[PDB]
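Contents: one structure, followed by commentary.
Number of protein chains: 6
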Amino acid sequence: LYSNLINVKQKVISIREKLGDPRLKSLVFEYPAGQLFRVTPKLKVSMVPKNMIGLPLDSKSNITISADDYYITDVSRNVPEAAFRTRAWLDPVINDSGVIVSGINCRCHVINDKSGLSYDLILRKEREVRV
Amino acid sequence: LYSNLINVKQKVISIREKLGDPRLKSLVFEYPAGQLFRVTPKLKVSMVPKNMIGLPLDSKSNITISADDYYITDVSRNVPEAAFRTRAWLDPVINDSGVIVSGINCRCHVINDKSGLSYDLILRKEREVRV
Amino acid sequence: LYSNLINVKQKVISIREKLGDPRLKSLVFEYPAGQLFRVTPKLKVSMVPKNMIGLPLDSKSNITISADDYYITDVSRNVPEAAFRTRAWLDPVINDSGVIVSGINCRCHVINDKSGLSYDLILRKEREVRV
Amino acid sequence: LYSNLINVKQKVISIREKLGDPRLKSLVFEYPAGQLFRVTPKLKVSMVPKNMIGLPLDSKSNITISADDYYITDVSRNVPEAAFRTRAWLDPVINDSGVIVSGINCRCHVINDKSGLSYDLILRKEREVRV
Amino acid sequence: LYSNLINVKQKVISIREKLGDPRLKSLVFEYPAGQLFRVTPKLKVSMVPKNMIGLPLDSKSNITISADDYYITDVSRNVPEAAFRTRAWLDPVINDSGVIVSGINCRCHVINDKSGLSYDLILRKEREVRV
Amino acid sequence: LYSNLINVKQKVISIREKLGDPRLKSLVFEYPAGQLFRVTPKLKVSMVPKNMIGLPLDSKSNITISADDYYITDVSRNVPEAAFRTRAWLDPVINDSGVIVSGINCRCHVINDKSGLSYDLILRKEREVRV
Numbered sequence: 002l003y004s005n006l007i008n009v010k011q012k013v014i015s016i017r018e019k020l021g022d023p024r025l026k027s028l029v030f031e032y033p034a035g036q037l038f039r040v041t042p043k044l045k046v047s048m049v050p051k052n053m054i055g056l057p058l059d060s061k062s063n064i065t066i067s068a069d070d071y072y073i074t075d076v077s078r079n080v081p082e083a084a085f086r087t088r089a090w091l092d093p094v095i096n097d098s099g100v101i102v103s104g105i106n107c108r109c110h111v112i113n114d115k116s117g118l119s120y121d122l123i124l125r126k127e128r129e130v131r132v
Numbered sequence: 002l003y004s005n006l007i008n009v010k011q012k013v014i015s016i017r018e019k020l021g022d023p024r025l026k027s028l029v030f031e032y033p034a035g036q037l038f039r040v041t042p043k044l045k046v047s048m049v050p051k052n053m054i055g056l057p058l059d060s061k062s063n064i065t066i067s068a069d070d071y072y073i074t075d076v077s078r079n080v081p082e083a084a085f086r087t088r089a090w091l092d093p094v095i096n097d098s099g100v101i102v103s104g105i106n107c108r109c110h111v112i113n114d115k116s117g118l119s120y121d122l123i124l125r126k127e128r129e130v131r132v
Numbered sequence: 002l003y004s005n006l007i008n009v010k011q012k013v014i015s016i017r018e019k020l021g022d023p024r025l026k027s028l029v030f031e032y033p034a035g036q037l038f039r040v041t042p043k044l045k046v047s048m049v050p051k052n053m054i055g056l057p058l059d060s061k062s063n064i065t066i067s068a069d070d071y072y073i074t075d076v077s078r079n080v081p082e083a084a085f086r087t088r089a090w091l092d093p094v095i096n097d098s099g100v101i102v103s104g105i106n107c108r109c110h111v112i113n114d115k116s117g118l119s120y121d122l123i124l125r126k127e128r129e130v131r132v
Numbered sequence: 002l003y004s005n006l007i008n009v010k011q012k013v014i015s016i017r018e019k020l021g022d023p024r025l026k027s028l029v030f031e032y033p034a035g036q037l038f039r040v041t042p043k044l045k046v047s048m049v050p051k052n053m054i055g056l057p058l059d060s061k062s063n064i065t066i067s068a069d070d071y072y073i074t075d076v077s078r079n080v081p082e083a084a085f086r087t088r089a090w091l092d093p094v095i096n097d098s099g100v101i102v103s104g105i106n107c108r109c110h111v112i113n114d115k116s117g118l119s120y121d122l123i124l125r126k127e128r129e130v131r132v
Numbered sequence: 002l003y004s005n006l007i008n009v010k011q012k013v014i015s016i017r018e019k020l021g022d023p024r025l026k027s028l029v030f031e032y033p034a035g036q037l038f039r040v041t042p043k044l045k046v047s048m049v050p051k052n053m054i055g056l057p058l059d060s061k062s063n064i065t066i067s068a069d070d071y072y073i074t075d076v077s078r079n080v081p082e083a084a085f086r087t088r089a090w091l092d093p094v095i096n097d098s099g100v101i102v103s104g105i106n107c108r109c110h111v112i113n114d115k116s117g118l119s120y121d122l123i124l125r126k127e128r129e130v131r132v
Numbered sequence: 002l003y004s005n006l007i008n009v010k011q012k013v014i015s016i017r018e019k020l021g022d023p024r025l026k027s028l029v030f031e032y033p034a035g036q037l038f039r040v041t042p043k044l045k046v047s048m049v050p051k052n053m054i055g056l057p058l059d060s061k062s063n064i065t066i067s068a069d070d071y072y073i074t075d076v077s078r079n080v081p082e083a084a085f086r087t088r089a090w091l092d093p094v095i096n097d098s099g100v101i102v103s104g105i106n107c108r109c110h111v112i113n114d115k116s117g118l119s120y121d122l123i124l125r126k127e128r129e130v131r132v
């Protein structure tokens with residue numbers, strides 16, 4: 002069916018969090034304009050190693066940076082597609098208010114959507130991060 | 002035989018649309034001069050990730066673009082070959098008239114025709130799109 | 002034996018034409034000086050995708066072209082070797098005379114002869130074609 | 002569980018040191034500010050071959066160096082993550098004091114953390130080493 | 002033993018010539034200073050495709066050439082090693098005298114000697130050939 | 002154990018020399034300062050093909066050379082590690098004295114030590130050789 006398949010995939014994946022593994026990271030998005038959208042499972046993510054590159058703002062400049070990216074493997078399709086056009090945060094903290102203080106700032110760099118029941122995406126860290 | 006094989010392939014593939022998967026996208030072509038040709042199955046398509054490149058209009062210019070392409074896997078051979086020389090639209094909308102208002106503009110970039118009973122093609126998005 | 006093997010290979014391959022597949026293309030050569038040599042089987046051929054390159058006449062010029070090539074897989078060794086040094090035509094038309102009007106002009110670019118009983122060759126389209 | 006799994010992995014790996022193999026090297030870190038953190042198992046490490054490169058301090062200079070790196074395969078996750086942000090020493094010697102005299106100076110270059118129960122890391126030798 | 006193994010390999014390979022295949026080419030060398038050394042089996046050889054390169058005499062010149070090479074697979078180790086330092090001829094003709102009139106001129110470009118009982122070598126055609 | 006394993010590996014490999022194969026080459030080192038260290042087995046070695054490169058003494062000069070390297074596969078770990086920092090000779094001749102007259106001069110270029118019971122190394126020929 003592909004409709005209940007994504008939801009059952011979320012239910013079966015929710016077993017992974019009951020086992021304490023350190024690869025699990027909390028991902029949040031800001032899909033609506035002002036407030037946040039959180040992925041339900043505390044999914045796992047790997048880190049592709051860094052590469053030393055020029056600035057993406059101006060490539061032919063003295064300022065250079067290291068591009069750091071994260072590889073998120075099992076992320077449900079139930080999340081809105083337009084969420085991927087908005088900045089994402091890995092391990093964020095929410096206060097008493099609706100804002101976030103600390104976390105690791107990332108932007109969706111490349112989408113892999115070959116599997117029909119889950120997305121898989123790589124997201125690049127911002128050049129300036131909070132923590 | 003290869004004649005009825007393409008038609009039976011269309012009939013068996015028409016099962017995929019009865020199952021609700023999000024990878025299915027509607028493809029239309031404009032093979033005749035003025036009006037449209039629609040592929041029968043609501044086939045699936047993947048997105049190859051973007052690459053930052055110079056302008057194809059003038060390569061050695063300040064203006065740069067991102068080349069975005071789509072990978073259409075199961076497309077029948079029953080479609081006319083000359084349709085591939087005309088612009089294509091992914092998820093288009095047809096009004097009361099014969100024209101299209103909105104959709105994602107693409108052009109056939111590379112043809113893979115190794116299989117004798119279906120085409121497989123990658124089509125590059127236009128630099129300017131409607132939606 | 003390798004002598005009757007090529008001829009039996011031609012006989013068994015002649016079954017493929019009795020089945021209507023669209024990958025079959027008629028190849029002709031002009032091996033003797035003035036008249037034509039036609040390969041017996043209506044063999045199949047794939048199209049390797051195009052690449053944008055400079056002119057082979059002068060590489061460091063403003064004029065650029067797209068190199069288009071065809072991959073012919075099952076072609077018998079019974080054809081003369083020296084035929085491969087002459088221009089080839091894919092889907093040609095012969096009139097009442099011995100000349101050809103229309104067809105797709107190609108030249109043998111690379112030979113693969115690893116198999117002892119058939120050639121396999123890739124042939125590059127001419128920069129100027131008839132149809 | 003993933004909690005006792007890392008500790009049992011340390012216990013089973015502690016068998017490797019009871020067998021005398023020469024690939025085993027002692028790794029120490031300086032995770033707290035001033036004193037040292039030693040990995041429990043005398044784990045094995047391979048040497049990726051050297052490459053001749055420019056200076057990382059100034060790339061477009063006359064001074065060039067050879068980048069030498071070590072590939073540490075089985076290293077437990079029980080070590081603090083922040084230890085990887087501090088210099089590491091391969092085969093170090095500790096005196097009567099808390100300082101180290103001799104050893105091979107290295108810095109964590111790339112982290113591979115695909116396995117959920119062990120890290121695997123490559124660490125680049127410093128340009129100036131003690132021994 | 003490796004001594005009789007090469008000779009038995011020559012005897013068993015001598016079956017291939019009794020079967021008429023077109024991949025068989027006669028190779029001769031000029032290992033002694035003035036007269037010729039012929040390999041015993043009429044071994045087979047494939048043609049790696051051509052590449053357009055600058056002149057090896059002067060690389061940064063207007064004169065360019067195409068490097069054409071041949072891949073000789075089954076060649077016995079019984080031939081002297083020093084024969085490979087001398088020019089080789091594919092399909093040569095010997096007259097009534099000890100000289101050769103026609104043939105395809107080649108020089109040993111790269112040696113593959115991984116197998117302990119046969120050589121395998123690629124030999125590059127000379128820029129100027131006889132036929 | 003890994004201690005007797007290297008010695009038994011030397012004993013079992015000493016069978017290879019009792020069979021006459023031409024890939025066996027005698028390797029000697031000069032690990033102590035003045036006299037020689039010979040590897041016990043007459044191990045086999047392959048030749049990686051040559052590459053045309055600039056001078057390693059000055060890269061941006063008119064003088065160019067061909068880098069020739071040898072791939073030594075089965076070499077025991079019982080040899081001292083510091084031997085690899087000294088020049089090596091393939092097929093050397095020892096006179097009545099402790100010096101060597103003729104042989105093929107090589108230097109350890111890259112070490113592969115993934116296997117815990119044998120080294121495997123590639124060693125580059127010197128630009129000037131004796132024979």
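Listed in order, the protein sequences are those of chains E, F, A, D, B and C.
Numbers given in the deposited numbering equal positions in the first sequence, counted from 1, plus 1.
Numbers given in the deposited numbering equal positions in the second sequence, counted from 1, plus 1.
Numbers given in the deposited numbering equal positions in the third sequence, counted from 1, plus 1.
Numbers given in the deposited numbering equal positions in the fourth sequence, counted from 1, plus 1.
Numbers given in the deposited numbering equal positions in the fifth sequence, counted from 1, plus 1.
Numbers given in the deposited numbering equal positions in the sixth sequence, counted from 1, plus 1.
Ideal placement from N, C-alpha and C gives every residue a C-beta, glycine not left out.
CB contact check: residue i to chain D, cutoff 7 Å
i	result
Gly117(C)	yes
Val111(C)	yes
Of the listed residues the options, nearest to residue i (C-alpha basis)
i	options	result
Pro23(C)	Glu129(B), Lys126(B), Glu127(B) and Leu118(B)	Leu118(B)
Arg17(C)	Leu37(C), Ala68(C), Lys43(C) and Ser62(C)	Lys43(C)
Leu91(A)	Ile54(A), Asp114(A) and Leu37(A)	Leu37(A)
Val132(C)	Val94(C), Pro81(C) and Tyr120(C)	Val94(C)
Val76(D)	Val29(D), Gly104(D) and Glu129(D)	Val29(D)
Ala34(A)	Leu25(A), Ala84(A) and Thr65(A)	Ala84(A)
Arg108(E)	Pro81(E), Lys115(E) and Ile123(E)	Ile123(E)
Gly99(F)	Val80(F), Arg86(F), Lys19(F) and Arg39(F)	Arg39(F)
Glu129(C)	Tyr120(C), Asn106(C), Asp121(C) and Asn113(C)	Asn106(C)
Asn79(E)	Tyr32(E), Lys26(E) and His110(E)	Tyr32(E)
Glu82(F)	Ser103(F), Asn52(F) and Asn113(F)	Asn113(F)
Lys26(D)	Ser116(D), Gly104(D) and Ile64(D)	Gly104(D)
Within-7 Å CB hit, residue i to chain C
i	result
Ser103(D)	no
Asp22(D)	yes
Min CB distance residue i to chain F below 7 Å
i	result
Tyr120(E)	no
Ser4(E)	yes
Test: residue i CB closer than 7 Å to a CB of chain B
i	result
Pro50(C)	yes
Residue-chain proximity (residue i, chain E), Cβ-Cβ < 7 Å
i	result
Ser47(F)	yes
Residue i burial status per 10 Å Cβ neighbour count (16 or more: buried)
i	result
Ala89(C)	buried
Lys126(B)	buried
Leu2(E)	exposed
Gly21(F)	exposed
Next on the checklist: Check whether the stretch 70 to 89 of chain F and the stretch 33 to 50 of chain F are in contact - that is, three or more C-beta pairs closer than 8 Å.
Outcome noted: Contact annotation: the stretch 70 to 89 of chain F touches the stretch 33 to 50 of chain F, with at least three C-beta pairs closer than 8 Å.
Checklist entry - With contact counted as at least three CB pairs below 8 Å, one residue from each stretch, are the stretch 55 to 62 of chain C and the stretch 4 to 19 of chain C in contact? => result No, they do not touch.
Item to check | Continuous beta strand (DSSP E) assignments of at least 3 residues falling wholly in the stretch 65 to 117 of chain E | outcome: Runs of the beta strand (DSSP E) inside the stretch 65 to 117 of chain E: 65 to 77, 89 to 91 and 105 to 113.
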